[PDB]
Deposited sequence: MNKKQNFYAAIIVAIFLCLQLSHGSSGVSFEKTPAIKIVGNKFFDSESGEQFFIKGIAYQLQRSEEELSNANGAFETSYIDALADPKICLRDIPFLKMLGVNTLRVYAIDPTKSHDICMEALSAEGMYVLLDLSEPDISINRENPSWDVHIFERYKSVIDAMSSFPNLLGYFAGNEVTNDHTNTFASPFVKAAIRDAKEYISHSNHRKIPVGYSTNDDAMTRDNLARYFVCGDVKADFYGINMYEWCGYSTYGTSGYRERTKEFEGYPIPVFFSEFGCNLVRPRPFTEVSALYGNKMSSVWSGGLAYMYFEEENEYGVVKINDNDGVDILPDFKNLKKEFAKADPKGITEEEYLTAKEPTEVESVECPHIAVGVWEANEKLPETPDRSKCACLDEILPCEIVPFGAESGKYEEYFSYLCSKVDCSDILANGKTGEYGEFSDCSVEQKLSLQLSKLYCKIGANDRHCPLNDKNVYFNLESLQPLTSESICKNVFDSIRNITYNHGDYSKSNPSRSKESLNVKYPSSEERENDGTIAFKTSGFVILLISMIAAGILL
């Protein structure tokens, strides 16, 4: 049963409860456990989530941000338990080992399959608020060319959801707060023919007992006034001054900011040797409440954002390219084609299995054959025909091209490595 969490929908630049029609404001906290899979999925483990939900209820949150789930595991126990307390989930589609790499960006079948798997695992829950298609991918002026790959991911996640039987859960983006790139990033993700459905900023400008004017919150609010999609703080809670008073919460849900922002999520629930937690899990797996907890609790309790209803509410150019400043082309890479890339597994004479060596093997093979067909350039908007295939498929293509160039036809692939093998399926889309 999900009566207490009706699905939230987007109209214009605001969230709305689909039943009542009241504006939905996010009063949230990040909820994600680490190790000392690589990620831990707290929503796949009832003993973890059912321990914490009572404490989350005390905080008075209506939303969690979760950065990683294991899509092979069940989540209905934790998601229904969250729904029981009126709590929604914002969920990143990526994870640390399967993300768009800001140092070498690609939008490919491997990353897209990860996104699909999370979508298929989590879309049945009415309290799934939205998906993030990326988190701080571009983070400064040196990697703005990663952003077209994220926009392609937004488009393709939205289309995948559209073509599924699922509820059309919105797909957005979470960005950092770098001064040189923030205005261009915000414009880029709503420009042209592809748009993020919502926009989260990881916002740490307000530290200690600051103010609306002095923190920078006033300038941010004036910048995002009239922004065409919902905007919120996907993270907040600068910890320079402790215990964190969380006085930004009073500003965030006040009348000046509540007209522009759709709330935000504190970072975070768990303490992980970083002084960002509101609780600490002890050696007996029990929850010890930390000094920040009471301050966030009081601030959320006092917050009462005056929104507008759905019915009364009902009544862009991409940034130009400039070298060293903004290098994200409007032209996006194509939708990764699993069938095309899977046909390389069939027909290619020389293949390499996944298991440092990528840099060496690409450097070696791309000096002997033309690797243009696997390159992807977000600056120039030039995307090779097989640039959407997996790193292994890309490598295999180049090895196979070298094999055909030599033309011995003796089943000896021209790269001595144990991961290399001659594909017997090639001899038989």
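Novice: Could you name the stretches of the deposited sequence that have no C-alpha atoms in this structure?
Specialist: Gaps in the modelled chain, taken against the deposited sequence, lie at 1-28, 65-76, 356-364, 405-408, 482-488, 490-555.
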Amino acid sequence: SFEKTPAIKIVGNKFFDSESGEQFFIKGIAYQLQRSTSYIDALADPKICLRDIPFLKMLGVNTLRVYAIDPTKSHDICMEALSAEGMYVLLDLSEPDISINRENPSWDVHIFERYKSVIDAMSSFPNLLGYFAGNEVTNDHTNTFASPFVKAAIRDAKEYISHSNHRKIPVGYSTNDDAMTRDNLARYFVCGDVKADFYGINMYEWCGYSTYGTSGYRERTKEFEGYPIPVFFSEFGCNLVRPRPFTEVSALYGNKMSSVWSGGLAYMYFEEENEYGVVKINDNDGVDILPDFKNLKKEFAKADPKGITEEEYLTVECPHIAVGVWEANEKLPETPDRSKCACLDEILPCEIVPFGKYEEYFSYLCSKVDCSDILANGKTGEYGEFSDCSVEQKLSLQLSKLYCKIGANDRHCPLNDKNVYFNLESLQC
From here on, numbers count along this sequence of modelled residues.
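We call the rigid core the largest set of C-alpha positions that still match within 1.5 Å between the two forms.
Novice: Compare 400-408 with 369-377 and report which one shows the larger root mean square C-alpha deviation from this form in 7 other deposited structures of this protein once the rigid core is superposed.
Specialist: This comes out as 400-408, the stretch further from the shown form in 7 other deposited structures of this protein.
Novice: Is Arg35 unresolved, in the sense of carrying no coordinates, in at least a third of the other compared entries?
Specialist: Looking at the other entries that model residues on either side of it, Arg35 is missing from at least a third.
Novice: If we scan the other compared entries, does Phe355 go without coordinates in at least a third?
Specialist: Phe355: unmodelled in at least a third of the other compared entries.
Novice: Could you check the entry and say whether 364-372 or 394-402 has the higher mean CA B-factor?
Specialist: Looking at the recorded C-alpha B-factors, 364-372 comes out higher on average.
Novice: Which has higher Cα B-factors on average according to the PDB entry: 25-33 or 38-46?
Specialist: So the stretch with the higher mean C-alpha B-factor is 38-46.
Novice: Which one, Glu327, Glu334, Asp177, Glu223, has the peak C-alpha temperature factor per the PDB entry?
Specialist: Of the options given, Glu223 has the highest CA B-factor in the PDB entry.
Novice: Highest Cα B-factor in the deposition, which of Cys238, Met79, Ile289, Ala121?
Specialist: Answer for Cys238, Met79, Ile289, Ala121: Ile289, with the highest C-alpha B-factor.
Novice: Would the CA B-factor of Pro148 place it in the lowest, middle or highest third of its chain?
Specialist: Lowest third of the chain for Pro148's C-alpha B-factor.
Novice: Quick check for you: using the entry's CA B-factors within this chain, is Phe198 in the lowest, middle or highest third?
Specialist: Lowest third.
Novice: Lowest, middle or highest third of the chain for the C-alpha temperature factor of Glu103?
Specialist: CA B-factor rank for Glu103: middle third.
Novice: Looking at the C-alpha B-factor of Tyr115, is it in the lowest, middle or highest third of its chain?
Specialist: Lowest third - that is where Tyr115 ends up once the chain's C-alpha B-factors are sorted.
Novice: Taking the entry's C-alpha B-factors for this chain, is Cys389 in the lowest, middle or highest third?
Specialist: Lowest third - that is where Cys389 ends up once the chain's C-alpha B-factors are sorted.
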